[PDB]
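Peer 1: My structure file structure_29.pdb, PDB, C-alpha atoms, is below:
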ATOM      1  CA  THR A   1      65.716 169.257  62.822  1.00  0.00           C
ATOM      2  CA  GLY A   2      67.918 166.195  63.208  1.00  0.00           C
ATOM      3  CA  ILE A   3      70.952 168.153  62.025  1.00  0.00           C
ATOM      4  CA  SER A   4      73.294 170.884  63.267  1.00  0.00           C
ATOM      5  CA  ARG A   5      73.113 174.469  62.003  1.00  0.00           C
ATOM      6  CA  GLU A   6      75.695 177.239  61.558  1.00  0.00           C
ATOM      7  CA  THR A   7      77.388 178.815  64.599  1.00  0.00           C
ATOM      8  CA  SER A   8      74.332 178.898  66.860  1.00  0.00           C
ATOM      9  CA  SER A   9      73.574 178.893  70.592  1.00  0.00           C
ATOM     10  CA  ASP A  10      74.550 175.902  72.743  1.00  0.00           C
ATOM     11  CA  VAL A  11      73.928 173.149  70.240  1.00  0.00           C
ATOM     12  CA  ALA A  12      73.704 169.800  71.881  1.00  0.00           C
ATOM     13  CA  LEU A  13      76.200 168.096  69.575  1.00  0.00           C
ATOM     14  CA  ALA A  14      73.900 167.095  66.722  1.00  0.00           C
ATOM     15  CA  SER A  15      74.385 163.845  64.806  1.00  0.00           C
ATOM     16  CA  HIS A  16      75.997 165.951  62.070  1.00  0.00           C
ATOM     17  CA  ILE A  17      78.961 166.380  64.417  1.00  0.00           C
ATOM     18  CA  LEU A  18      78.937 162.709  65.393  1.00  0.00           C
ATOM     19  CA  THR A  19      78.746 161.609  61.749  1.00  0.00           C
ATOM     20  CA  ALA A  20      82.008 163.292  60.800  1.00  0.00           C
ATOM     21  CA  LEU A  21      83.451 162.329  64.175  1.00  0.00           C
ATOM     22  CA  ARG A  22      82.473 158.741  63.558  1.00  0.00           C
ATOM     23  CA  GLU A  23      84.329 159.101  60.252  1.00  0.00           C
ATOM     24  CA  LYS A  24      86.295 162.252  59.267  1.00  0.00           C
ATOM     25  CA  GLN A  25      85.652 165.259  61.556  1.00  0.00           C
ATOM     26  CA  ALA A  26      88.769 167.459  61.747  1.00  0.00           C
ATOM     27  CA  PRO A  27      89.334 168.391  65.392  1.00  0.00           C
ATOM     28  CA  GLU A  28      92.517 170.097  64.239  1.00  0.00           C
ATOM     29  CA  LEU A  29      91.797 173.202  62.207  1.00  0.00           C
ATOM     30  CA  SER A  30      88.412 172.336  60.699  1.00  0.00           C
ATOM     31  CA  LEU A  31      86.728 173.283  63.975  1.00  0.00           C
ATOM     32  CA  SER A  32      86.852 176.378  66.154  1.00  0.00           C
ATOM     33  CA  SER A  33      87.635 177.068  69.798  1.00  0.00           C
ATOM     34  CA  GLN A  34      84.407 175.657  71.280  1.00  0.00           C
ATOM     35  CA  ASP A  35      84.162 172.696  68.899  1.00  0.00           C
ATOM     36  CA  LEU A  36      87.656 171.455  69.695  1.00  0.00           C
ATOM     37  CA  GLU A  37      87.182 172.515  73.325  1.00  0.00           C
ATOM     38  CA  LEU A  38      83.869 170.734  73.912  1.00  0.00           C
ATOM     39  CA  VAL A  39      85.447 167.785  72.132  1.00  0.00           C
ATOM     40  CA  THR A  40      88.535 168.082  74.346  1.00  0.00           C
ATOM     41  CA  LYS A  41      86.152 167.663  77.288  1.00  0.00           C
ATOM     42  CA  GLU A  42      84.521 164.814  75.428  1.00  0.00           C
ATOM     43  CA  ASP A  43      87.284 162.266  75.796  1.00  0.00           C
ATOM     44  CA  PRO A  44      87.388 159.022  73.748  1.00  0.00           C
ATOM     45  CA  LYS A  45      85.022 157.411  76.264  1.00  0.00           C
ATOM     46  CA  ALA A  46      82.098 159.295  74.713  1.00  0.00           C
ATOM     47  CA  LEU A  47      83.693 160.635  71.556  1.00  0.00           C
ATOM     48  CA  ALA A  48      84.680 157.057  70.743  1.00  0.00           C
ATOM     49  CA  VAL A  49      81.135 155.800  71.100  1.00  0.00           C
ATOM     50  CA  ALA A  50      80.261 158.249  68.310  1.00  0.00           C
ATOM     51  CA  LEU A  51      83.200 156.987  66.344  1.00  0.00           C
ATOM     52  CA  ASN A  52      82.908 153.468  67.654  1.00  0.00           C
ATOM     53  CA  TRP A  53      86.390 152.439  66.634  1.00  0.00           C
ATOM     54  CA  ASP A  54      89.303 151.176  68.677  1.00  0.00           C
ATOM     55  CA  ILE A  55      89.850 153.533  71.597  1.00  0.00           C
ATOM     56  CA  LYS A  56      93.473 153.622  70.623  1.00  0.00           C
ATOM     57  CA  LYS A  57      92.348 154.450  67.094  1.00  0.00           C
ATOM     58  CA  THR A  58      89.801 157.068  68.137  1.00  0.00           C
ATOM     59  CA  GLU A  59      92.439 158.532  70.414  1.00  0.00           C
ATOM     60  CA  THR A  60      94.972 158.563  67.582  1.00  0.00           C
ATOM     61  CA  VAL A  61      92.700 160.934  65.690  1.00  0.00           C
ATOM     62  CA  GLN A  62      92.303 162.849  68.935  1.00  0.00           C
ATOM     63  CA  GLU A  63      96.084 163.017  69.407  1.00  0.00           C
ATOM     64  CA  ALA A  64      96.544 164.443  65.927  1.00  0.00           C
ATOM     65  CA  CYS A  65      93.600 166.832  66.213  1.00  0.00           C
ATOM     66  CA  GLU A  66      95.036 168.451  69.359  1.00  0.00           C
ATOM     67  CA  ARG A  67      98.646 168.602  68.189  1.00  0.00           C
ATOM     68  CA  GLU A  68      97.192 170.283  65.109  1.00  0.00           C
ATOM     69  CA  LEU A  69      95.314 172.924  67.089  1.00  0.00           C
ATOM     70  CA  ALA A  70      98.496 174.220  68.730  1.00  0.00           C
ATOM     71  CA  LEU A  71     100.675 173.709  65.653  1.00  0.00           C
ATOM     72  CA  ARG A  72      98.316 175.586  63.337  1.00  0.00           C
ATOM     73  CA  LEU A  73      98.071 178.325  65.964  1.00  0.00           C
ATOM     74  CA  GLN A  74     101.869 178.640  66.088  1.00  0.00           C
ATOM     75  CA  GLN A  75     101.586 180.578  62.811  1.00  0.00           C
ATOM     76  CA  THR A  76     101.675 183.689  65.022  1.00  0.00           C
ATOM     77  CA  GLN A  77     105.057 182.658  66.465  1.00  0.00           C
ATOM     78  CA  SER A  78     108.017 185.028  66.127  1.00  0.00           C
ATOM     79  CA  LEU A  79     110.748 184.696  63.497  1.00  0.00           C
ATOM     80  CA  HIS A  80     113.174 181.767  63.490  1.00  0.00           C
ATOM     81  CA  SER A  81     116.161 184.094  63.923  1.00  0.00           C
ATOM     82  CA  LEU A  82     117.529 185.117  67.322  1.00  0.00           C
ATOM     83  CA  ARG A  83     118.579 188.519  68.662  1.00  0.00           C
TER      84      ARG A  83
END
Is it possible to express this structure as structure tokens?

Peer 2:
Amino acid sequence: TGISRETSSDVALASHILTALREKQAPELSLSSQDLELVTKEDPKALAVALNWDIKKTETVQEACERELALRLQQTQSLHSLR
């Protein structure tokens, strides 16, 4: 195939995932639990190689992507008022 398909069985990270990673893959809200998870286990060492950029730069995107995952999830947080 050469490309990744919709939510399918264990998909060995196709180039389609590395292409956006190498450029603009959103590991914040654009992905799901397994995408951000598998990526979370795919530290800059490898993930960077796909996005061959400065590790500090590839990490920067990784730092935002994670902080986004928890922030976007906070939507279910309780009200701002206190009892």

Peer 1: Using all atoms listed in the file, which residue out of A:15, A:62, A:52, A:9 lies closest to residue A:40?

Peer 2: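 Under the stated criterion, the closest residue is A:62.
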
Peer 1: For residue A:68, which residue out of A:23, A:42, A:28, A:35 is the nearest one, using all atoms listed in the file?

Peer 2: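 Distance minimum relative to residue A:68 lands on A:28.
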
Peer 1: Mind giving me the straight-line distance from atom CA of residue A:29 to atom CA of residue A:54 in Å, one decimal?

Peer 2: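 One can read the atom CA of residue A:29 to atom CA of residue A:54 distance as 23.1 Å.
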
Peer 1: I'd like to know which of A:73, A:64, A:50, A:14 is closest to residue A:32, using all atoms listed in the file.

Peer 2: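 When distances to residue A:32 are compared using all atoms listed in the file, the smallest one comes from A:73.
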
Peer 1: Show me, as a ChimeraX atom specification, the residues that have an atom within 12 Å of residue A:33 when counting only C-alpha atoms, minus same-chain residues fewer than 5 positions from it.

Peer 2: /A:7,27-28,38-40,66,69-70,73

Peer 1: For the atom pair atom CA of residue A:51 and atom CA of residue A:24, what is the interatomic distance in Å to one decimal place?

Peer 2: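 Atom CA of residue A:51 sits 9.3 Å away from atom CA of residue A:24.
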
Peer 1: So that I can check the surroundings of residue A:17, please list as a PyMOL selection string every protein, DNA and RNA residue that reaches within 9 Å of it, counting only C-alpha atoms and ignoring chain neighbours fewer than 5 positions away.

Peer 2: chain A and resi 3-4+22+25

Peer 1: Okay, now the selection with C-alpha atoms, as a PDB file, keeping the file's coordinate frame?

Peer 2:
ATOM      1  CA  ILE A   3      70.952 168.153  62.025  1.00  0.00           C
ATOM      2  CA  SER A   4      73.294 170.884  63.267  1.00  0.00           C
ATOM      3  CA  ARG A  22      82.473 158.741  63.558  1.00  0.00           C
ATOM      4  CA  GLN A  25      85.652 165.259  61.556  1.00  0.00           C
TER       5      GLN A  25
END

Peer 1: Please compute the atom CA of residue A:58-atom CA of residue A:41 distance, one decimal, in Å.

Peer 2: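 Here the two named atoms are 14.5 Å from each other.
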
Peer 1: Report as AutoDock Vina command-line options the centre and the edge lengths, in Å to one decimal, of the axis-aligned box holding every listed atom of stretch 35-54 of chain A, padded by 8 Å on each side.

Peer 2:
--center_x 84.8 --center_y 161.9 --center_z 71.8 --size_x 25.0 --size_y 37.5 --size_z 26.9
